[PDB]
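Inspection log for the structure reproduced underneath, given as structure tokens.
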Amino acid sequence: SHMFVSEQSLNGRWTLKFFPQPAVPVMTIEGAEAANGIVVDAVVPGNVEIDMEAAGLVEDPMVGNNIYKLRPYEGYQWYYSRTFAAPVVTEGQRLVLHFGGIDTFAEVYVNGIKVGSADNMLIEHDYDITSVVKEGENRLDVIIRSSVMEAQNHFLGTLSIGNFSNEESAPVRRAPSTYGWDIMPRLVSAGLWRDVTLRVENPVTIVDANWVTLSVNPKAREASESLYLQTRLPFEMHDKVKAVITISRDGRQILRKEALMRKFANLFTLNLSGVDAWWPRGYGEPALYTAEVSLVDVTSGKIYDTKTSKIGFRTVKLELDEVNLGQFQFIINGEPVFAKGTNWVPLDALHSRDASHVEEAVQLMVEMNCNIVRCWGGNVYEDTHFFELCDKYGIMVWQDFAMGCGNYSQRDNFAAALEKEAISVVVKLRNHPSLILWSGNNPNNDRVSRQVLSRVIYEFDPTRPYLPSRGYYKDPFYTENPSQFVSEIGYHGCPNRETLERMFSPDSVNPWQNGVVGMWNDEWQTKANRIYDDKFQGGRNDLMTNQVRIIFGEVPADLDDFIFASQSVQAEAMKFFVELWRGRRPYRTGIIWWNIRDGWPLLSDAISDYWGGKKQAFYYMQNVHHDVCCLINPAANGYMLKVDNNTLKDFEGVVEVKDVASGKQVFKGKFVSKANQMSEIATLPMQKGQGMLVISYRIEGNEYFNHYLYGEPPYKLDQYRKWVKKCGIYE
Amino acid sequence: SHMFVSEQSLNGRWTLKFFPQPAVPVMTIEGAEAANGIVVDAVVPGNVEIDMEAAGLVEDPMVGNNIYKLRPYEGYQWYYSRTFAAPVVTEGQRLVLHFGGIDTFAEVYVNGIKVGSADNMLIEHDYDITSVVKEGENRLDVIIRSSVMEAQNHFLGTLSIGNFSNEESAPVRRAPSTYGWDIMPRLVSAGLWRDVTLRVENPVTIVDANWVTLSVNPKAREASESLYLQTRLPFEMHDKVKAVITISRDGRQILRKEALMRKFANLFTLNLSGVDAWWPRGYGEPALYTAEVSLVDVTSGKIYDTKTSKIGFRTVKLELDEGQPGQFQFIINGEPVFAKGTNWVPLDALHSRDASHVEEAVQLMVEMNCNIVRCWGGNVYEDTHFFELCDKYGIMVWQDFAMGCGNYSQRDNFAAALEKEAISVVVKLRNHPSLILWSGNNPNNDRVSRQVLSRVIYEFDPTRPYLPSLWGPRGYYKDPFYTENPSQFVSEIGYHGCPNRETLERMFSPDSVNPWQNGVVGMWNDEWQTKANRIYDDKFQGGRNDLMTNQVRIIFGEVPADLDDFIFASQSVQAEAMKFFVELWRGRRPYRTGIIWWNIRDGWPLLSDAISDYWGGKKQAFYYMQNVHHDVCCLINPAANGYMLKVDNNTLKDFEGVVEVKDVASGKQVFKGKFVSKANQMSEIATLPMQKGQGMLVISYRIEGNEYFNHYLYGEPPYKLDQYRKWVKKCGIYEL
């Protein structure tokens, strides 16, 4: 929270006028008003496709092949307009027009006077409009031009052409996935997709409050926290304003410090007592403390400004193995942590709806017990509320800078745009305890990943590490990979029937074209995802049929049997991958799987879909993501029962292995799970043929369950179903 | 070929007004018309000295000391003027005024409106004049200022002062040799030295077609070619235009692929069958294929643009054998190739005449059988036609960026000027199969040669190697300086040679044709000193010309007083030295990997170490060098108790033959026998016994019905000139 003096929202009903962009792009209000176009009511924050669909001008892009009908609007312009009232501004105060998100290339006018030129979808834009504001109605006009056509203002290098990321994405600062990807639709879109506000700032104001943990002693309940404070301070206010710093928790004041402001920028170091450390999930408590800084007149007591945030006392270090060679391990508060989590993709192709999805999506990670999440560079940067939830629930955040599968310009103009973006995002997010790493998502000669971004982290966040950058799930590709830390590992899975009936037209809900199993109809090809409407057979969807065929021999023709088979192979594979890394500790250090939630109704390798449809893989993963988990990994002539502890406490329990069909107890006995390590229990003999062992362990009175599928594929689908039904764990 | 919609030539007669440059340079049409100057007719493309000589205002700079009489014009300004009729431009179409070459600092005006400010003589300049053009007669005015005076707009660093390259060249982007070199006259010059055209472009047009060879399988006659296509495409034309890619050879089509244009830039990977790889001379055929890409309307079938080039399927890897100087070898199509060729210097001091020399000059390399050529960084970048000829004849091209014998600013403004130049020239030439290397020609902290240029190659030509970078005493060619130099790959090596008599009689005044001032041998007259070359008219004796006499005195004991005897002596020393250098590197393979010698042709009538002069007069070294540049060449190297008869093979084929070595003076047979020359290697034939005294051995070899000849001068200097002349005459290989 940041008080200022007043913050008046400009969200609500705007007027949107759209029209095809001429050869000479419209940049003035006069050109926008003279252009022949269509005028509709609009909602801010919003996307232009939501406004046109509300007007009945476009069909629902989430159904069938309606995504391709939005293609002509990629060459359109969008003219937002509204009138507003200007608040009273006293002497020395500044009126600031704040845009949370402009998508993308736009000219901003207040009362016919241009106040800004925006060209970065991913960062905020603030314009001082104190001098252009007038009494009564103030005209606010935003004229956006075509992002796609902007790409032709640039000459591309050889290494920027032919990558998975679109060439139109290379020279502009937008989320690469908006142009299309394997897991996102091509929906370039436009509009004011985040809040628009009017801010009044006092002459004495807080420019930035940077909280940094210098040290932490979790056992003594102590921590050293530094505050790098920058302010605007008139010289008459020097020695007449004091900074008041208050740390609290549950309304209880932990520390108060006052200091006379003798210069605009200061470093205050606070040696705190009776404070708990911020820990990721399983490894401890996500302790957060309210840190408030206020600038107060020493004579009148008037508060000129106040910034408040919840901070966590924690230290983060990445250890990079450079002799025995993803060969790294995160060290939090001086303890080696095993990372288990998901990759974070766009929450919505229409990104103005991202904020409405954040709460439910973080809840998915909490129920999965993820302790880490990697925000993928194909997506936009998430807003403050996402990181505040990750602070609260103890989920570490790996933040990629917004660049996708490809390479970018080595020249000055791009380097300046990316430096402006990187400084903004770093300053915005560097105070969240959840954030643990910056990445360039990218070769060692790349100026982008090895100079520009590293220079920003060096100057504006030297407390966090920066890093410059298909078949059966038991093949050596997955079982003999030497990477201690895997960051992308995924397996396809057909969505639930209910999701299929909502996104596919009734004639196309069944996947098979003219009944032939394996021949996908066009609507299923569009939902693979196909960026452009090029009719073809095969491609990405075939991954589902191939995987099901390797495991069960044959692809079912009944849609419900196909859904069960596809979600069951995705469930077994992902579960096997997690157990393989959790079981091969301490060598394995982390696994970040792909992915937890889709950002659009599509056929994908996610374990949950856009509408909340949890696939079978979600529940399987849930049982192999506990703090302490008993699991079975393959072994030389047998199977190995192991327990993995991802906490700092020792635990005791008992485990009962048994075959589903026979009921023969293969093993029963107590175990001791030492803190923060893999502990083997017993080597179990080989079982005959196919089947399913069931694991039942009890710790501190609670009952947990797991299983292990033995044998070698192909399995009969009808038999595998009976094994799970008798296992009694899943449905 | 790039079709566009139309290309009207603005070449032809212009009006040229010139005047001394005032303290404040004239940069407006008003100031140019108000200045007191001289108006003459001019020819574009051209240089201002050609126009002034056509008007009888200057004397021929190629004769005597007339080069120094052009000195005052370095401080002049040059005002070009002509009228042109505007072509018809439909809506959305674009009218582009294209300059192939402006030398150099000029303000361009169309109909009184400034459209550009040029400041680089080595690269093209394009200006969109669609909105400034008018109906009827239009006006084109170009106002050039003094390049020399432009240097004083810059403060030079210590390392940019005192080099062989002129301080006036350091801050400006112009060919360094224009300011004078030891092999080029000082002729700064100016003018529109390349074509000036008007191009009409459709709203849909090809911006660039970059052809890259990913792989080649010569025996399977296959190749994987990538087309990196960038276009200008209105969004209304998206999904309504298709790219048509056609690879052909002699009218026979090899590939025809059509693809709907859904984005402005695309990578098209083309896996071809029935295609032959491109090879350098000796190693195979220089197979070329016409690659044409066209943007076609999917409905009307209208062709909006067409780009056509001749490409070749080849791979190039520079194998750094390791970093001593010249410790590398070029690998073409997976095979280690032995490079042999010449450095490429200016074709003319008045560079607008370069294009008229290109065909004859390249033919010299074909007659010599060079498989490589290093375009020296003191010259301008050659135009497309030079690289087309090197593609056609299989001559690999090593391209220096345009800096010489110099150190340069580490500051931003020079870096930005060089980056714009490098991007332009790389994009222009990156599709020629002949081109195989980019060089900075430059210590390891130099921003220019270790950051600016390497960054341009990193982004715009990752397919070709980039390198950031033997004269010395110039004594006896068998000195340990040459014979024990460890460089596997030598890029510069040369020896002086007096030009033929006809050239001397055309370049000097009648009283100055004989070199000896007042008749004393070894003392050069003033005109010969000018042709050294001498950059500034400082009178002195000795200097560079003493290389000719010192090298003759080492080999033949005394300098002949007679001119015809002196020409034969000097050219014989150059011929024996250069031949020895090539035989020494070919004979010591596989350690030696290449020899690029200096040089094949003069860019100006001068006294030099070139083997043929500016007017085409071939010195004796040209013929000696021809006989040691064959694909398969029998040669003799010194051994310590005799000589070693060797045969070198610069092909991928085995050959058999017979060789005979005889003493010329006595006629006795030293060796005769058959030999097998294994492919792409040096093979030792026989150790030959030590001969007595001085003389010449004649090497006669026959390969597949064809008879070839070489020789070896044995003994140690000093030799007697008359005896050497009789040995060459009796040998029968070369005419005296």
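Values below: all heavy atoms of this structure, side chains included; hydrogens, waters and symmetry mates excluded. First the proteins, then the strands, lettered A, B, ... as listed; each starts at 1.
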Problem set entry | Closest contact, heavy atoms only, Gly494(B) versus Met578(B) | CA-SD, 3.7 Å
Exercise. Looking only at atom types and distance, does a side-chain atom of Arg430(B) sit under 3.5 Å from a main-chain N or O of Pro462(B), one as donor and one as acceptor?
Worked result: no
Exercise. When rounded to the nearest 0.5 angstrom, what distance separates CD in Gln363(B) from CE in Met368(B)?
Worked result: 12.5 Å
Exercise. Where is the tightest heavy-atom contact between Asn627(B) and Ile733(B), given as atom of each residue plus distance?
Worked result: ND2-CG2, 3.5 Å
Exercise. So do the side chains of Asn442(B) and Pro468(B) get within less than 4.5 Å of each other, counting heavy atoms only?
Worked result: no
For this session: State, without any angle test, whether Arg589(B) and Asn680(B) hold a side-chain donor-acceptor pair at a distance under 3.5 Å.
Result: yes
Problem set entry | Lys317(B) and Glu319(B) ion-paired at < 4.0 Å | no
Seminar exercise, completed: Partner of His711(B) under ring pair (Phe, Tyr, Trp, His ring centres under 6.0 Å), picked from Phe580(B), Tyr624(B), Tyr701(B), is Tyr624(B)
Exercise. Can you find a pair of side-chain heavy atoms, one from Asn210(B) and one from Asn431(B), that are under 4.5 Å apart?
Worked result: yes
Seminar exercise, completed: Taking every heavy atom of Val275(B) against every heavy atom of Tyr289(B), the minimum-distance pair comes out as CA-OH, 3.3 Å
Exercise. What orientation do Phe328(B) and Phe330(B) show, parallel under 30°, tilted 30 to 60°, or perpendicular over 60°?
Worked result: perpendicular
Exercise. So, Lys307(B) side chain and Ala209(B) main chain: donor-acceptor pair closer than 3.5 Å or not?
Worked result: no
Exercise. Are the side chain of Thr315(B) and the backbone N or O of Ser215(B) linked by a donor-acceptor pair below 3.5 Å?
Worked result: no
Exercise. From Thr593(B) OG1 over to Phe489(B) CZ, what is the distance, rounded to the nearest 0.5 angstrom?
Worked result: 6.0 Å
Problem set entry | pair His385(B)-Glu359(B): side-chain heavy atoms closer than 4.5 Å | yes
For this session: Report yes if some heavy atom in the side chain of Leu159(A) is under 4.5 Å from a heavy atom in the side chain of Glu459(B); otherwise report no.
Result: no
Problem set entry | Main-chain N/O of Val628(B) paired with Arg586(B) side-chain donor or acceptor, under 3.5 Å | yes
For this session: Check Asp631(B), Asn369(B), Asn650(B), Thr651(B) against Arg281(B) for a side-chain hydrogen bond (donor to acceptor under 3.5 Å, both in side chains) and give me the one that passes.
Result: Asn369(B)
Exercise. Got a donor-acceptor contact below 3.5 angstrom from the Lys672(B) side chain to the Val658(B) backbone?
Worked result: no
Problem set entry | Distance (rounded to the nearest 0.5 Å) between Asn649(B) CG and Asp654(B) CG | 7.0 Å
Exercise. Does the side chain of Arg314(B) pick up a donor-acceptor pair with the side chain of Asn333(B) at under 3.5 Å?
Worked result: no
Exercise. Do the side chains of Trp278(B) and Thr213(B) get nearer than 4.5 Å, heavy atoms only?
Worked result: no
Exercise. Does the pair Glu367(B) and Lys618(B) meet the rule for a salt bridge (charged side-chain N to carboxylate O under 4.0 Å, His left out), with working shown?
Worked result: CA-CA 12 Å; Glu367(B) 295 175 316; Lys618(B) 291 170 182 175; 3.2 Å; yes
Exercise. Are side-chain heavy atoms of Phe675(B) and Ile703(B) found at a separation under 4.5 Å?
Worked result: yes
Seminar exercise, completed: Exactly one of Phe386(B), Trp597(B), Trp598(B), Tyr381(B) clears ring pair (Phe, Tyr, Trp, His ring centres under 6.0 Å) with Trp344(B), and that residue is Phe386(B)
For this session: Could you walk me through whether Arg549(A) and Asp542(A) pass salt bridge (charged side-chain N to carboxylate O under 4.0 Å, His left out), step by step?
Result: CA-CA 10 Å; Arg549(A) 183 176 300 101; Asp542(A) 288 9; over 6 Å; no
Exercise. Just checking, is any N or O donor in the side chain of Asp446(A) or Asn407(A) under 3.5 Å from an acceptor N or O on the other one?
Worked result: no
Seminar exercise, completed: Tightest non-hydrogen contact, residues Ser487(B) and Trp585(B), listed as O-NE1, 3.2 Å
Exercise. Sub-3.5 Å donor-acceptor pair from the side chain of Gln230(B) to the main-chain atoms of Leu156(A), do we have one?
Worked result: yes
For this session: Show your working on side-chain contact (heavy atoms from CB on, under 4.5 Å) between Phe622(B) and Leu364(B) and close with a plain yes or no.
Result: CA-CA 9 Å; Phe622(B) 191 95; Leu364(B) 291 175; 4.0 Å; yes
For this session: Report, as yes or no, whether the 6.0 Å neighbourhood of atom CD on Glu258(B) holds more than 12 heavy atoms from other residues, nucleotides or ligands.
Result: yes
For this session: Using only heavy-atom distances, determine whether the side chains of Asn599(B) and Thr342(B) contain a donor-acceptor pair under 3.5 Å.
Result: no
Exercise. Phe155(A) vs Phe460(B) aromatic rings, parallel, tilted or perpendicular, using cut-offs 30° and 60°?
Worked result: parallel
Exercise. Using a distance-only test with no angle check, is there a side-chain donor-acceptor pair under 3.5 angstrom linking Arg374(B) and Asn441(B)?
Worked result: yes
Exercise. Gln410(A) side chain to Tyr408(A) main-chain N or O, any donor-acceptor pair under 3.5 Å?
Worked result: yes
For this session: Verify whether one side chain among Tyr591(B) and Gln329(B) offers a donor that lies under 3.5 Å from an acceptor in the other.
Result: no
Exercise. Are the side chain of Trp438(B) and the backbone N or O of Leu467(B) linked by a donor-acceptor pair below 3.5 Å?
Worked result: no
Exercise. Just by distance, with hydrogens left out, do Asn541(A) and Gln525(A) show a side-chain donor and acceptor under 3.5 Å apart?
Worked result: yes
Exercise. Are any of the side-chain heavy atoms of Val345(B) and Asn379(B) separated by less than 4.5 Å?
Worked result: no
Problem set entry | Whether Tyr228(B) side chain and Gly157(A) backbone form a donor-acceptor pair below 3.5 Å | no
Exercise. Is there a donor-acceptor contact under 3.5 Å from the side chain of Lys310(B) to the main chain of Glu388(B)?
Worked result: no
Exercise. Any side-chain heavy atom of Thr205(B) within less than 4.5 Å of one from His2(B)?
Worked result: yes
